[PDB]
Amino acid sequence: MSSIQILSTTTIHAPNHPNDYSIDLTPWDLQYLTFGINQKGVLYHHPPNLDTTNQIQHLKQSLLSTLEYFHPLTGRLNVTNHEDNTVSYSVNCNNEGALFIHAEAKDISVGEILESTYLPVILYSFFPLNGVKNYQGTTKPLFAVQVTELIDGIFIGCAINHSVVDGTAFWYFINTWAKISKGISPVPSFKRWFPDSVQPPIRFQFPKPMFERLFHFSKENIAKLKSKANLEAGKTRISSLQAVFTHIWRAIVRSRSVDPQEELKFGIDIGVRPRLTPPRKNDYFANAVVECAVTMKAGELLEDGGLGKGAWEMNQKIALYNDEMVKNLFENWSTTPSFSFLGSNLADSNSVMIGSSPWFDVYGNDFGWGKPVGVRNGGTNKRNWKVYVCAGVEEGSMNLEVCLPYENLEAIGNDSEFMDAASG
């Protein structure tokens, strides 16, 4: 039986922190107040020859210098009640503190995590601040790192309040922390983007078991799926990612053996950084993401050519999200607030959600002992019928974390059509 023990829990602060100051939140941040905390982690193998002397200490000290540039990670959220029955939220850069947890897991190895068909559930215990919802950030920490020691490696799992960063900002922080630990770079910015049509203090009103399998998509197989989708749909602008999304969508829906006339939903995150008044990079340390939903009937998706039809439907639905579509969602949010909710582990669902991105630099995170051999999103926001996409080790490849009931994943694993362009 895999188990985990906490070796030490300590509070950490940003060094050379100024006086207290506040940061205002956009609806991109506020929409996640009901969501679990954002969680991402990286797995490292320790070959017998590797020298890991002083590792935990160098990881912590390099983390302290990284926090010098990310003051909000040690603050707390600040809710301001309004006599309007409404609320507003800010980030108070407190230097109040973040968590640094040193832990150890027994009877679980790097190799087991890599080779097991289904993720050992103990790995979810590698992430700190589990279960926490993001509105609890007024008193609970906004940031925590857990370094868990395995018999043949370590796992570094982070948790950052999802109303503070999205995944793009999240992996920018990890990238930076790993740069510093290896042996500076431009300075990010937490100042939020506001159109002049909205005054910052935004006010609003408030409110079967899961298995996980990792399916690999080689560079070559992605190009195959991109071609097939464009060919079948008679198009050229169906992206690599849209073709993968539709390929896994077909496998999941096939495994449900549902009715061909069933109305389906496929939810995607739309990075909106290349649509701001001045464009920004992952240097923009905040949320800049909108949720879009692609609709389709099950028979349309599963019929021959449905790879092309589903992908083109994704293509066209995304295309609707230009600068003016996003600007109006932003300003209309106060009026009609939208929130990401968790829900629980349904035995069956017409909706599939996908998150993360293959453009995150997930393997370029050498702390001084090597690049990671694995990447995982945390378990707090994982439910059945959710998928997370990251790049794989191989250049141009992708890995899909697919969270579903055991028998669905088994079916998908036996699906001749799906496994023709996927392994694992």
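For every residue, the number given is its place in the sequence shown, counted from 1.
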Are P207 and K208 truly consecutive in the deposited sequence, or are residues between them missing coordinates? Give the number as none, 1 to 3, 4 to 9, or 10 or more. 10 or more
For the stretch from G183 to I184, please bin the deposited residues that the model skips: none, 1 to 3, 4 to 9, or 10 or more. 1 to 3
Going by the B-factors listed in the PDB entry, is the mean over the C-alpha atoms higher for 86 to 94 or for 159 to 167? 86 to 94
Between 99 to 107 and 331 to 339, which has the larger average Cα B-factor in the PDB entry? 331 to 339
Please pick out which of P278, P128, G271, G153 has the largest Cα B-factor as recorded in the entry. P278
Of the residues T380, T53, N377, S397, the one carrying the largest Cα B-factor as recorded: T53
Assigned third (lowest, middle, highest) for the C-alpha B factor of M1: highest
Please place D361 in the lowest, middle or highest third of its chain according to the CA B-factor in the PDB entry. lowest
Third of the chain, ranked by Cα B-factor, where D259 sits: highest
Going by the recorded CA B-factors, say which third of the chain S227 sits in, lowest, middle or highest. middle
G75: CA temperature factor from the record, placed by chain third, in the middle
